[PDB]
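A short write-up of the structure that comes next.
Just so we're on the same page: letters track the sequence lines, and every chain starts at 1. Numbering of ligands and ligand atoms starts at 1, following listing order.
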Amino acid sequence: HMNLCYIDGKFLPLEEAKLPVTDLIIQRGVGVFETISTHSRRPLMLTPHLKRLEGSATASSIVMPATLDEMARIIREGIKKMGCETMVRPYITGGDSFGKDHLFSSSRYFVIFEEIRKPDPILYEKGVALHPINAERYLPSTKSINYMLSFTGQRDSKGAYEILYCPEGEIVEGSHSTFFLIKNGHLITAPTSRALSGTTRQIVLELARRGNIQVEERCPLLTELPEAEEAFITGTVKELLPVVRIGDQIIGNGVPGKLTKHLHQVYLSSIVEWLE
Amino acid sequence: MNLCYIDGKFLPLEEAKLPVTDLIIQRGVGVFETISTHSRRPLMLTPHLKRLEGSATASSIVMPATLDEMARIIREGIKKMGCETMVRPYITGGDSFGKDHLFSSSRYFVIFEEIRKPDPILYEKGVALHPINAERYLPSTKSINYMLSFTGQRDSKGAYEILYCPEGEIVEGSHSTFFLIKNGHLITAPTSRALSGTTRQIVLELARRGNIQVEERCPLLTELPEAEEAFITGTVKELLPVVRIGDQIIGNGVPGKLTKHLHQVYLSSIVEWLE
Ligand SMILES: Cc1ncc(COP(=O)(O)O)c(C/N=C(\CCC(=O)O)C(=O)O)c1O
Ligand SMILES: Cc1ncc(COP(=O)(O)O)c(C/N=C(\CCC(=O)O)C(=O)O)c1O
């Protein structure tokens, strides 16, 4: 199906939807969003995503322009119209003004609906490279629209798949992904005091609980990578994507590892539990 | 009325729209400049447009128009406004990042608004800043990312502006160059750390003319109790006195004599840089 945008009460073809230049998302980068994906055309972790969207807006002093029930109504209606596997992005804008009450009270919203684009199967076979940077995401619980560092930082990337935020040599997360390290057959991942509360992350920790795999919620260190067996990044579109290189450092023997492939299989076998 | 130049026309500002496909909207990929007028002439027009090109190039965005063309639009829009104007040319990422790692379908538009100077009372009383432990990444680049300038005013205590103070080193304001005055000297962060402000560049020339010493280092939050004065600079706000940073009063909590002197010399001198 054609890509859609829900804006001003209607589903438009995506390429026709426009936003007023007065909006502070355009002028000043004031915006939050979510990415929601489907399996068998059903939305995965819809409620957790919409609660995260509200968290992002409230933490950003943005007054929600619609109820979560209303956003869920729109998202379901658009997925039905797409009739295929879909990546859905609801956006909440700052709107035209920051009031004397220090809130954005005229927020706009729109929802993008696109045919899903999974990473190429070769990337799951070979794994990917990450480019570490000495930077952090501010207000890391908040998912804002600001991804400019993910792009401008590709000059020095050496064709890395994704940037990895490594402030002072402590690995937190990717620009689009949760990061997991594997040492001694268990999982190391940054705490959500420092990293986004990923929906895929939440599911992987539940799968680890079910499988009696130990999870340490601490920032893995760049200096620990020589001793690691495996690594992977997570997100709703990419699922579990093996990581075989970070900077100049090969992870383990430089191919996807057995615990990564195991968790990926259990994820896909289990996924129906979290569809809405 | 306020205007936006977009797709070859001056529109009423409130009617101009941008495709939601644009990565400025989806991913915050955008750069811009703020240019202000005195006597209907843009101040430091060429320095601003050189900064805009620098921002775009540093961000892998291919210029969608020449600087001469942007200068032409800006002058025509100032003439159409018929008042003192704040002008903001924007350059967007456009719809795609190519295999060549460039934004090659950049869009652009130019906002013209009647200027809004800080109220005269703010120059008389000075303003408060809210310090935060954060930095602007790629600080020479002026991107559209000002989200922290707002969201970081949660516990602001009614501060005028946030001040980037990473690890207690003062760099700059969210919209401003920061200057500390100590022993009759100016202290301001080097351009390795802070935006190369146009107002900043003029104030350093005014310091040279007045034999006022400038130290290009980050003032520390711990130095503030020994400071005499502070001010912030930008093309709209000129020199705006700072009398409080966080809980710390600056000097005796009113605008200082060197700030008021430099502001007077600035107003007398800026004709030199009107274009
Ligand atoms: C900063 C950050 N960390 C982690 C994640 C992963 O969270 P979740 O597992 O809930 O998707 C995302 C989502 N990144 C996406 C899309 C998801 C994907 O990467 O597949 C984004 O919306 O940009 C993210 O933007
Ligand atoms: C991060 C930052 N630093 C410094 C400056 C001061 O530069 P200049 O002296 O060239 O104006 C600005 C301008 N910020 C503005 C306008 C503020 C003003 O005009 O007073 C802005 O649009 O955000 C800025 O955004």
Close aromatic pair by centroid cut-off 6.0 Å: A:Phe104 and B:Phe150:
yes
Are B:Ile202 and B:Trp273 close enough that some pair of their side-chain heavy atoms sits under 4.5 Å apart?
yes
Do other residues, nucleotides or ligands put more than 12 heavy atoms under 6.0 Å from B:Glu216 CD?
yes
Got a sec: does the CZ of A:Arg218 have more than 12 other heavy atoms crowding it under 6.0 Å?
yes
For a quick check: using heavy atoms under 4.0 Å, what are the residues in contact with ligand 2, sorted by chain and number?
A:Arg28, B:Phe32, B:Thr34, B:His48, B:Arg51, B:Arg136, B:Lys142, B:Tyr146, B:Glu172, B:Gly173, B:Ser174, B:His175, B:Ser176, B:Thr177, B:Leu195, B:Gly197, B:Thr198, B:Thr199, B:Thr233, B:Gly234, B:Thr235, B:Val236, B:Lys237
Among residues at least two apart in sequence or on other chains, which ones pass salt bridge (charged side-chain N to carboxylate O under 4.0 Å, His left out) with A:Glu170?
A:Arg194
Of all heavy-atom pairs linking B:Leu122 and B:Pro241, the shortest is O-CD, 4.2 Å
